[PDB]
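A lone chain, given as structure tokens: the form deposited in one PDB entry.
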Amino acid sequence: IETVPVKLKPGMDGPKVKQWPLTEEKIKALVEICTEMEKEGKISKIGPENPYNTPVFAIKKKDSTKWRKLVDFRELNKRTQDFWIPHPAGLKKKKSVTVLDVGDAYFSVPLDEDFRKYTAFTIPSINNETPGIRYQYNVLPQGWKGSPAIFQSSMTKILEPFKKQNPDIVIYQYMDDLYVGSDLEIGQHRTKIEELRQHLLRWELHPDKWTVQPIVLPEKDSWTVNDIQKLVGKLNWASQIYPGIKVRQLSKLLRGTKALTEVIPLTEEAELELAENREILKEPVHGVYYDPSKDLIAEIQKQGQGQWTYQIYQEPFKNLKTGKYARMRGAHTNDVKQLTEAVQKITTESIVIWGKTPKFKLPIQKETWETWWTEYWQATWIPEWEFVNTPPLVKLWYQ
């Protein structure tokens, strides 16, 4: 129960981040939450000699109608001193993985008395009527990068019995979440998860088939001019990813100022060039590797009718992962709820595959996203993001 020494990175002051407006019911939710946290010693009120601040807001996780408190520790985490476990490659290869919340555990551990002034947050008031309630954490705070790293020793001891019992069950931790995988493919894995639940009390995702989904070309008996023009455009784009793609024989079909709806029969040379390009796109991309020293980039496109495509990469045209998300979730009428859920699924997949989160390029104006994304967010972490304001011509190609 001995506080461990923690300091900021050299040359970096604590976070000074503006709190943004909250609705009345989210303020009332946080007032109830933070009052009780004071009685339990988790947090304590502070004064104006603390110039530091980190934003805080409220969410409702699924399967519950109770508000939860989320702190945006992004600025603190980047300014927090780097803490001295290789990512488990088996977790991405495991048939099924289950995610658990271990955040409550962090509250048992005290936080170094010197570092607490950096965990300061503010419950805001409506209309600037009364000054905001200012708190600081006395225990390890959820969402902080130092909380999993400091608790790693205790967690290793807590799960050392379960690990010896089951050596085919993978265990990984990111932020306040625990990722438990298995090749069991058993509904009893759900009960074995209950075994890991009670074992924790004492003290559903499955990988996609393809990491990168293949580029596919249409198979047709009759091609129009427009059909051949869209094909040549896609192949030319893929020629940036794949070496030997050739468009010469297909473009020769387009010769002449022909009407768009007119059917062109393919030559035997043109049929061959398309088959050779098919074979090129069946093989995987050449020399694509993940560097843990670089950032992951995630781009998302809205495809219409609740469908969304995405690609994860570090170097353009060298995709480490591509995929598509559709949903019947309660988001059909709201594009922003769909994107926010899409951003969450992609970041979770990213945690499983490399144990880090990507920087998103979102197909949305900043002011719309910033006004609404907290309304639909359900995860204890938050990634980084930027905004794409120019339509990508490539949207059709990923569909």
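Numbering starts at 1 and runs along the sequence shown. Whichever C-alpha set is largest while still superposing within 1.5 Å between the two forms counts as the rigid core.
Missing here is the form deposited in another entry; even so, the following discussion is about that form.
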### Query
After the core is superposed, which of these residues, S239, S154, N77, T122, moves its CA 2 Å or more between this form and the one not shown?
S239
### Message
I want to check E276: does it shift between this form and the one not shown by 2 Å or more at the Cα, with the core superposed?
### Response
yes
### Message
When the rigid core is used for the superposition, does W223 move between this form and the one not shown (threshold: C-alpha shift of 2 Å or more)?
### Response
yes
### Query
Aligning on the rigid core, do we see the C-alpha of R134 shift 2 angstroms or more between this form and the one not shown?
no
### Task
Once you account for a change of 3 Å or more, let me know if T348 and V394 sit closer or farther in that other deposited form, using their C-alpha atoms.
farther
### Task
Have a look at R197 and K66: in that other deposited form, are their Cα atoms closer together or farther apart than in this form, given the change is 3 Å or more?
closer
